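Taking the form deposited in one PDB entry, here's one chain by itself in structure tokens.
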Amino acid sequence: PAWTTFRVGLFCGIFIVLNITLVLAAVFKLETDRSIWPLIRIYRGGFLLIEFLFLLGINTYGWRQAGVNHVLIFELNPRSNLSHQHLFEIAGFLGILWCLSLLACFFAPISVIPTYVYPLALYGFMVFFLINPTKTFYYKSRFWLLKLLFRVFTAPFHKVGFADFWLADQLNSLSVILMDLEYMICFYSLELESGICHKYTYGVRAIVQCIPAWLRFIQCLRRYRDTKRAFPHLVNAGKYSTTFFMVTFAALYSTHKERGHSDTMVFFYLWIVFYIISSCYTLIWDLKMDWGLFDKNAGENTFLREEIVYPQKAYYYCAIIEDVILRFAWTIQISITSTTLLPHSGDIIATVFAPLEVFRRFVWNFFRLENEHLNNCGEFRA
């Protein structure tokens, strides 16, 4: 309805402005305040999670409006569905909790409750919300999500469907959340040197960064084993292995910068070349293999596929441009997040880029679901 469209637009505008203001305040705090780095890192995971949930609600609304059969693609129950308004409500409720926790931590209203326990309690309450035997909240969707997450984490044990690969890609985008969680664990273990967690890179950080790409690589290998087709799966596996190569080269470069062994330059060059390789690989896969654009058969649409479900091709063109820019940004953000690299500007770069990466993956979800509905690019469906 028209009123529903107005409500969705109002929510989108309010959320966009609030997110932009929060990011601007975060960057302003950085390089001007000290000891705000751990707080920003702690709250960035929740901020990104809320942003991803709201943008997924927007994706569901757009798929419903354009006629994209995302329900069939995800193989969800036609009778019972989670409307875009439900996702918006979930995102707003989580955002309200996050804002309240941040405000309480900053104000320190009560000395009895320590300031540092507020984010921990918020993240524990969020986990309990995710895993709740009671039917207090939506139980069908939550149980489906829990089962899908368990399947995704067990990439080689279970066969790969569209939903599993899609959530693996989302986690690949949301790797910043996992990295921030690991950093907060380190901060609680050691801080609670002062910056020892972020001052020096370590293998556990690289493994945490590579985890999402690790699951994606295992899923692609399992798909190759099942279907025995090298082109659609081993190429993607190599695309994801570029992430591991770049992360390990960055870690070696940072370590040899800390300790001079004359191998810093070669590690730097290896990191640069593999970063370019990974950026190009991911960009090419997203633009062509996932979206399906640049199709030769397209005669009416230039640089796009023959069939398009969205009214405007300007959407596709701006999506291509923003995907290029934000893929480069996401690769460099992963580089700085996994390994120390820039000491000061790294945190600001990560804070600026993570919301941009989430938005890029939101657009990617849009176009990938459109292509999947139009053609069985993923081949998951019959």
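We number the residues from 1 along the sequence you see. For clarity, a rigid core is taken as the largest C-alpha set superposing within 1.5 Å between two forms.
- In the other compared entries of this protein that model both flanking residues, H198 lacks coordinates in at least a third of them.
- According to the record, 10 or more deposited residues between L192 and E193 are left without atomic coordinates.
The following text describes the form deposited in another entry, which does not appear among the structures shown.
- Core-superposed comparison between the shown form and the other one: the CA of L53 stays below a 2 Å shift.
- When two forms of a protein are overlaid on their rigid core, residues whose CA moves 2 Å or more are considered shifted, and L22 is one of them between the shown form and the other one.
- After superposition on the rigid core, displacement of the C-alpha of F11 between the shown form and the other one amounts to 2 Å or more.
- The gap between the Cα atoms of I325 and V27 is larger in the other entry, by no less than 3 Å, than in this form.
- Cα-Cα spacing of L55 to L24 is enlarged in the other entry versus the present form (difference of at least 3 Å).
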